[PDB]
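Take a look at this single chain in structure tokens; it is the form deposited in one PDB entry.
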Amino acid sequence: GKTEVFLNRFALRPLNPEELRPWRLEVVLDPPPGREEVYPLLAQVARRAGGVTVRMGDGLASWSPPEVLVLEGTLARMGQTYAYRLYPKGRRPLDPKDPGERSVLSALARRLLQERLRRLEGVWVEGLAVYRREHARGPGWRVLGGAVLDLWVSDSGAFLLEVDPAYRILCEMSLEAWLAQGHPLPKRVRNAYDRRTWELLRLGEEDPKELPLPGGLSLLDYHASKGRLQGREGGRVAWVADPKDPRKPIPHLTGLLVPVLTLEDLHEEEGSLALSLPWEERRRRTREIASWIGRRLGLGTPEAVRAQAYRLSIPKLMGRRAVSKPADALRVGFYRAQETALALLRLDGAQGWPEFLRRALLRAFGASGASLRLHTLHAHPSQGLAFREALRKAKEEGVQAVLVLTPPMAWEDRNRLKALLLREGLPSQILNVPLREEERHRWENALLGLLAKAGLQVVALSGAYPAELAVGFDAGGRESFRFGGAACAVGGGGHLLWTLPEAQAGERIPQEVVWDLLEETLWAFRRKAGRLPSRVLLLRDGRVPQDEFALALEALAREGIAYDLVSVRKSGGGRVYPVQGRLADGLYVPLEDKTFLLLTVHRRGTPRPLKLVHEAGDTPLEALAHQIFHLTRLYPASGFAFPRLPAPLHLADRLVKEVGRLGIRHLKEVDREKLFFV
């Protein structure tokens, strides 16, 4: 089922001979740099050298004649001087096809774009972003409309412009002025005189014209010397820290800093905060900006790139009988059923089950295979030991899950409770007390949650795919698994299960935690399906390096099971627009060779497609996406809308956020098949 789409991408003139072979230059430093300061230096050499020059491995490359370049000089860095000397070595062929050779011609490209944007006037330029419109306003803050840009070289050897509309948030106040009129201290702050940022620790009381700095020179006097106090009024002392060592406090003046605002627009003298846009309005705005930018780039007219898209088959979601969203099963019956025993704990004003909720479940179960039993919890949490007594009995009386009716709780308490009950072997769902059965979606979801935690498989996928087991990995340390993380798997009926890496105190071998996770997963599966997966689908947030998966990919290799490793990123797939007609769910867009885009959802703004990369395996992208897309509907606690990410990933994401704030210890007997974290 083919179709073609438009990317927020525009083709431009191919790289002429000149641009085809950049100039190369040797770089001699003084005093000798290091092995950790070496590369962070070259990037600076190319900068002081001027022109369109970039670091090309050992030395730097350039689209500028060595004439315009300052082929010799000095450079400081954290209070250390340096002396360099550039030597042309003529030129060197370069390849558009070659992974690496391209990367250079693209870096030059961004630099080419970088220099053009800086010479534009009447525009707020920040990096590669270009802002030009008054959109919102308010007590000293203004949200400007603009676009985030990017120019790189393609496989063909042509220029590629990337455009996508965006809003920037600017404060034309100054820390002092900001605070001076009833505003909290911002997390981050920026220099009024330049572009660097810092972490704002705390305000100081030291006298600005007295506080001495390395040397003896006054704090104030130090800035004034540089002219950045002219027309400004550096008030109180403020303490900040560099985003490299957020521990070493540095002195700064509140009058020379500017708060880094973040959607705290608390008034609108220009407009509503609607910072989103509909797909053909932004598409329109894209074509424009792109035409403009390309206009003053001088790279020729921008050609929007058409791409080959495929329409993936809609998934058949079943409960007792076919259904659309999970919430329907609450009336159509569940997929796999039997007696569950749900207990009720009320932490508000009265005693029983709100009529509707009781009838809701009764019907749901009546609609599904077997029927349920409904207990109430006699003890309140304050009764201390008395409470746990009733609990440990109800855990034996069958109760597999608790439904908590209570007013909003500070997460301080919300955690206490869930922790207790859980260590007692009782998953729990909360539902805030002021509740009217008008709010279908709210209690309905609450109910769907209870049953997912109770341990029921609400819906399932009618069919078979290449991988019987799909497992998603999520880490708790954005960088890697050296601090743990969890995993979630689905595949089969379709029974979903979670897994947790045993508790450590320090750092663990990243690639061992992952094997730790995968094997535990395969055991729970074997022991639950009696079979060992012929093939596995491994999903990851591509946040972490790909080698942390080495041990496991070789482990599976010694068990005889085949796999595919796919990395799923939520950012960076740009946008996709329908040529003519509307777009549908499950649009599969293959791009550069091991990558593709997935528009898993739509049904307000513009869908943000997922960018996936097949890092290992051999099954074809088509079958991969088809399956990943289908996994999009297996999320238990949705009921009224499907998530953007595949159930395994979306599950691990929320399981790593729970273990985080609850306490991995208490996760004693909790069946690895009762999704307590949803």
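Numbering starts at 1 and follows the sequence shown. In this text, the rigid core denotes the largest set of C-alpha atoms whose superposition between the two forms falls within 1.5 Å.
Below: the form deposited in another entry, not depicted.
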Looking at 307, 261, 460, 327, which has a Cα shift of 2 angstroms or more between this form and the one not shown when the rigid core is held fixed? 261
Once the two forms are fit on the core, has residue 188 moved its CA by at least 2 Å between this form and the one not shown? yes
Large Cα shift (2 Å or above) at residue 199 between this form and the one not shown, core-fitted: yes
Determine, after fitting the two forms on their core, whether residue 252 shows a C-alpha shift of 2 Å or more between this form and the one not shown. yes
Quick one: residue 97 and residue 564 C-alpha atoms, closer or farther in that other deposited form compared with this form (3 angstroms or more)? farther
How does the CA gap of residue 97 and residue 617 change in that other deposited form versus this form, closer or farther, if it moves 3 angstroms or more? farther
